[PDB]
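Contents: one structure, followed by commentary.
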């Protein structure tokens with residue numbers, strides 16, 4: 003099991019270190035354009051080995067020839083639509099020149115548009131190119147609820163599809179606590195509130211840090227996707243995948259529930275949304291084709 | 349179990365997160381003097397509870413009142429040494445910062461155990477101790493563990509074996525103050541002098557001496573934090589779960605190794621009450637003198653403040 | 349955190365071991381009336397610490413004095429019915445053992461939280477609670493988690509997903525006492541009725557009702573213990589780590605579900621203080637009826653004792 | 014990663030479970046001779062997955078066809094005691110090889126050294142892929158005995174034990190440390206002598222207690238230790254029973270010595286510097302074990 007992470011910023015590195023800590027890889031390589039930073043973080047991590055009790059092999063780098071034969075490749079190269087578009091494009095063309103068939107996990111922004119670009123340049127079966135966005139929105143929504151009711155977050159489930167911001171589409175009917183729907187525990191408008199906080203969730207953290215962006219929750223989400231693929235668990239998680247018929251949408255990427263195994267997207271789950279929700283989902287997938 | 353971590357830079361945050369992720373505390377506070385930074389890192393850290401499977405209450409703040417009744421406090425504020433900065437120039441900022449933090453938290457926690465990670469370690473560990481007013485068994489600094497880490501990973505790269513089967517004995521402090529005892533560095537209870545060439549051992553020892561500098565060389569700005577943060581937690585764990593680990597740490601001595609009253613890194617048994625036992629191993633002359641040497645020099649700076 | 353486990357058969361040992369290897373206690377006692385077995389097994393578990401990486405005091409004995417001041421006490425005495433046994437015979441032998449043990453444990457531990465795992469469940473959890481003297485929030489029984497566990501494992505064999513993405517709601521008690529709620533059983537928040545035909549669902553439901561017997565069919569001369577022991581611990585963890593998990597357990601009611609003073613299995617919030625909240629879910633009349641009815645069955649058996 | 018355990022007694026059962034709980038496998042198979050037992054314990058473990066939080070495919074069985082293409086195979090079957098168990102190992106082996114091309118094999122019988130030998134020959138595999146567990150167990154007991162003596166974590170105690178069990182055990186005092194410190198600088202020679210004695214009779218101590226059976230918690234954790242190294246390719250260094258072709262002056266025999274475990278098994282054997290006293294004893298050990 004060998005994994006490559008592109009981008010040595012807070013997201014890429016936090017992801018890398020978590021992967022070695024849980025022993026979900028034998029080899030790992032942190033890579034970036036700028037000389038210095040990656041080689042640094044990788045060594046520190048490796049030196050953490052005798053304490054964490056893990057024997058992974060970490061190494062930062064600036065040379066793509068090290069990414070050769072990677073089973074999994076995560077792209078965090080993101081900063082605007084023009085800027086990130088050319089970046090993902092170039093990152094992908096390169097990784098493909100050294101790895102035959104990897105599972106790519108996009109993490110840029112706008113997330114869907116960027117996952118679309120990667121896939122087209124990868125020349126890979128769409129069952130190997132995914133985007134991380136559902137697990138994050140769901141993690142925040144789950145945390146606000148736990149604050150509202152005071153229960154372990156392990157016993158909560160939140161349903162979120164679509165994209166981010168005004169393109170996000172949460173499904174109240176499938177958000178429960180120990181199986182119990184949320185609409186039987188909290189008032190409707192009190193819920194409309196927890197929802198709005200989730201849409202602007204990423205811009206709230208940014209408001210504090212003054213500089214940069216959140217990275218603890220976003221990086222852990224990516225590792226849940228990795229853990230399922232590596233251990234072949236068959237978890238069911240919301241991700242940005244390519245549709246072709248489902249939900250009345252064809253030829254474009256959107257966030258919907260899916261089963262994840264050692265082969266990637268091993269099954270898409272199509273669920274019953276009501277009028278207002280399904281409408282939005284189809285409305286979100288549209289702006290994407292408008293810029294792709 | 350309530351735990352406070354002072355300072356929201358890469359070293360503190362990473363230490364706070366890992367503590368939460370390991371379920372070693374029920375409540376955790378992240379405090380710094382800056383405005384939104386501790387608030388943001390704290391929230392994003394909590395929003396990870398779902399994925400990580402932990403229920404620790406996490407709060408980032410600017411108000412020391414939030415640390416009331418903490419069982420353990422960890423100081424990281426300060427910073428190593430900004431490039432192009434004077435050695436005495438840093439012995440001023442940090443010493444002034446460490447005695448101010450300690451001052452403020454004793455206003456809310458009466459008998460915590462404190463762990464210092466402010467540089468230079470051996471000196472600052474002494475400053476926090478006196479300002480606190482606690483018995484010496486309740487104040488320790490983190491330093492031996494991290495050097496034993498890097499040193500153990502170099503022996504691994506050379507022999508190609510598991511880092512879990514290598515024990516590295518490292519006394520003293522950093523720089524030329526470090527006292528790596530090779531006669532007690534093993535692989536499956538076998539002295540590395542029986543395996544490696546004396547020529548290579550010396551080179552491994554020298555890399556350990558400048559280990560922190562190596563990282564900073566590549567990062568250009570700021571310093572290492574993954575290995576340090578994890579070395580601090582290994583100590584936290586032995587306390588929280590009363591393991592009685594025999595680990596190398598900075599503690600005040602009272603006669604052993606010929607030294608008295610000064611803070612030196614040596615083998616100690618760590619438990620719920622702190623420093624529960626100190627071991628005096630049979631160092632050969634050369635090492636003993638080197639330790640008594642870097643010890644007296646420490647006394648100096650404590651006498652220039 | 350001291351913990352005691354009464355009974356050293358297969359369910360007791362397996363739980364004692366899993367608490368150590370998971371590092372949930374510092375001290376751990378394994379009690380059992382016969383001289384020899386509790387000794388050899390405890391020692392064998394202790395000699396496992398070098399390999400499991402845990403430092404927990406473990407020991408087995410034949411004297412209740414070694415349980416002094418336990419915070420959590422777990423009873424596994426009172427083996428389930430035997431082949432040629434009547435419900436009358438078992439209810440007699442077991443209530444006689446369950447109250448003689450409780451008497452002894454309260455003669456050394458003043459305020460422990462007790463977790464009952466004897467047969468029949470709901471009745472023995474009531475017997476222990478009246479001999480104890482503790483508030484009802486500190487005496488609970490294990491059953492709902494084991495049943496919901498088997499149910500989830502069954503739904504997974506069907507849809508081929510992670511046992512971790514399935515919620516299984518199960519109230520009442522074992523056998524025909526069991527009241528599995530389908531409306532609130534899901535996969536990623538999706539009710540299984542939206543993903544499975546009525547015929548299959550009903551089969552999974554009935555495999556759960558006789559689950560334990562299914563394990564005795566293969567074993568031939570004994571009952572299950574791996575799954576049962578782990579369900580026990582799941583609960584121990586919520587208490588010790590103050591997680592506040594929502595799980596179905598055997599607790600005393602006083603109004604909700606129109607039930608009063610009787611021990612029933614329902615959804616309860618678990619913390620460091622035992623039972624901190626009981627939920628009243630919007631069940632459908634048919635299931636609500638099965639519950640109230642099955643409860644009076646407990647009230648009947650309790651008086652004949 | 015697919016593993017197979019043979020024997021559903023306390024040892025192999027506990028063993029299969031620990032592997033499942035550690036997520037060290039995708040498919041596990043518990044096979045035994047009698048019907049019922051292996052299918053019951055196996056289903057029990059599987060129904061634990063929703064709580065232990067794993068998704069390992071476990072299954073009990075009585076038909077060797079389910080063990081096809083196993084990476085690791087753990088033989089833990091064992092009850093003229095010598096010829097008794099020797100025949101059981103031969104049988105088990107032949108069948109396994111009938112369904113798996115190239116697997117790593119771990120023997121857990123008695124006598125261990127001889128049993129691992131019998132398994133190797135019938136195996137027809139490179140001696141590098143057939144090994145026996147014993148050293149790691151005696152060391153875990155020694156390590157715990159000392160910790161009880163000093164009151165220190167067991168994670169900081171290292172123990173050196175070569176050879177076989179009982180009168181064939183060879184403890185190397187000079188390599189038994191505590192955070193690097195030899196134990197001869199911490200404890201009296203009389204105290205050490207008793208700690209060594211108690212270890213020589215370590216298994217008979219648990220047996221005289223239980224009065225019906227034998228240890229299995231420590232024995233099973235030891236085996237999983239070896240499995241993890243191979244699976245995760247850590248390169249751990251542990252004392253296991255291997256076939257020697259010269260080292261320590263012993264030839265064509267299986268005896269316990271430090272080795273390095275990787276994905277391909279025995280990736281290196283270490284010939285440590287024993288003292289004229291113990292060396293002579295290790296030679297007389299492999300003498301009867303020959």
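Chains as they are written, first to last, in the working numbering: chain X, 3 to 294; chain P, 349 to 653; chain R, 349 to 653; chain H, 14 to 303.
Where a beta carbon is used, it is the ideal one built from N, C-alpha and C, also for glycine.
Taking residue i as the reference, which of the options has the closest Cα?
{"i": "residue 555 of chain R", "options": "R/466, R/524 and R/467", "result": "R/524"}
{"i": "residue 178 of chain X", "options": "R/516, R/635 and R/508", "result": "R/516"}
{"i": "residue 82 of chain X", "options": "X/250, X/76 and X/90", "result": "X/90"}
{"i": "residue 127 of chain X", "options": "X/75, X/187, X/106 and X/37", "result": "X/106"}
{"i": "residue 252 of chain H", "options": "H/227, H/285 and H/264", "result": "H/285"}
{"i": "residue 92 of chain X", "options": "X/180, X/114 and X/34", "result": "X/34"}
{"i": "residue 27 of chain X", "options": "X/204, X/73, X/171 and X/85", "result": "X/73"}
{"i": "residue 183 of chain H", "options": "H/109, H/287 and H/73", "result": "H/287"}
{"i": "residue 529 of chain P", "options": "P/652, P/417, P/500 and P/471", "result": "P/500"}
{"i": "residue 88 of chain H", "options": "H/129, H/75, H/73 and H/206", "result": "H/129"}
{"i": "residue 669 of chain P", "options": "P/351, P/430 and P/607", "result": "What is shown of chain P runs 349 to 653, which leaves residue 669 of chain P out entirely."}
{"i": "residue 218 of chain X", "options": "P/365, P/646, P/575 and P/633", "result": "P/365"}
{"i": "residue 450 of chain R", "options": "R/481, R/441 and R/470", "result": "R/481"}
{"i": "residue 316 of chain X", "options": "X/148, X/39 and X/234", "result": "Residue 316 of chain X lies beyond the stretch modelled for chain X, which goes from 3 to 294, so this question has no answer here."}
{"i": "residue 417 of chain P", "options": "P/454, P/431 and P/428", "result": "P/454"}
Would you kindly report the start and end of the unbroken beta strand (DSSP E) that includes residue i?
{"i": "residue 409 of chain R", "result": "405-409"}
{"i": "residue 172 of chain X", "result": "170-172"}
{"i": "residue 601 of chain P", "result": "593-602"}
In the DSSP assignment, find the unbroken alpha helix (DSSP H) run with residue i in it and report its ends.
{"i": "residue 359 of chain R", "result": "358-368"}
{"i": "residue 85 of chain H", "result": "Looking at the DSSP string, residue 85 of chain H is not in any alpha helix (DSSP H); the run it does join, the beta strand (DSSP E), is 85-88."}
{"i": "residue 582 of chain R", "result": "574-588"}
{"i": "residue 218 of chain H", "result": "215-223"}
{"i": "residue 475 of chain P", "result": "469-480"}
Please check the pair residue i and residue j, which I expect to be a contact at CB under 8 Å, by giving their CB distance rounded to whole angstroms.
{"i": "residue 56 of chain H", "j": "residue 563 of chain R", "result": "6 Å"}
{"i": "residue 58 of chain H", "j": "residue 33 of chain H", "result": "6 Å"}
{"i": "residue 131 of chain H", "j": "residue 99 of chain H", "result": "5 Å"}
{"i": "residue 594 of chain P", "j": "residue 166 of chain H", "result": "7 Å"}
{"i": "residue 135 of chain X", "j": "residue 166 of chain X", "result": "6 Å"}
{"i": "residue 578 of chain R", "j": "residue 61 of chain H", "result": "5 Å"}
{"i": "residue 378 of chain R", "j": "residue 353 of chain R", "result": "5 Å"}
{"i": "residue 426 of chain P", "j": "residue 467 of chain P", "result": "6 Å"}
{"i": "residue 622 of chain R", "j": "residue 485 of chain R", "result": "4 Å"}
{"i": "residue 256 of chain X", "j": "residue 242 of chain X", "result": "7 Å"}
{"i": "residue 64 of chain H", "j": "residue 493 of chain R", "result": "7 Å"}
{"i": "residue 647 of chain P", "j": "residue 610 of chain P", "result": "6 Å"}
Do the segment 66-73 of chain H and the segment 266-273 of chain H meet, that is, are 3 or more Cβ pairs less than 8 Å apart?
-> no
The segment 534-552 of chain P touching the segment 574-594 of chain P, judged by at least three CB pairs closer than 8 Å | no
Mind the definition here: the segment 637-646 of chain P touches the segment 382-389 of chain R only if three or more C-beta pairs lie below 8 Å; say whether that holds.
-> Short answer: they don't touch.
The segment 493-521 of chain P: positions lying closer than 7 Å to chain R by Cβ = Within the segment 493-521 of chain P, no residue has a Cβ that lies closer than 7 Å to any Cβ of chain R.
Give, in chain order, every residue of the segment 428-462 of chain R whose Cβ lies closer than 9 Å to some Cβ of chain P.
-> none
For the segment 349-374 of chain P, which residues have a beta carbon sitting closer than 9 Å to at least one beta carbon of chain R?
-> 371 and 374
Residues in the segment 589-619 of chain P having any Cβ partner in chain X nearer than 7 Å | none
Mind listing which residues of the segment 57-78 of chain H have their C-beta closer than 7 Å to chain X's C-betas, in chain order?
-> 68
For the segment 184-202 of chain H, enumerate the residues whose C-beta is nearer than 7 Å to any C-beta of chain P, in chain order.
-> 188, 189, 190, 191, 192, 193, 194 and 198
What residues from the segment 551-567 of chain R come within 8 Å of chain X, judged by C-beta to C-beta, listed N to C?
-> none
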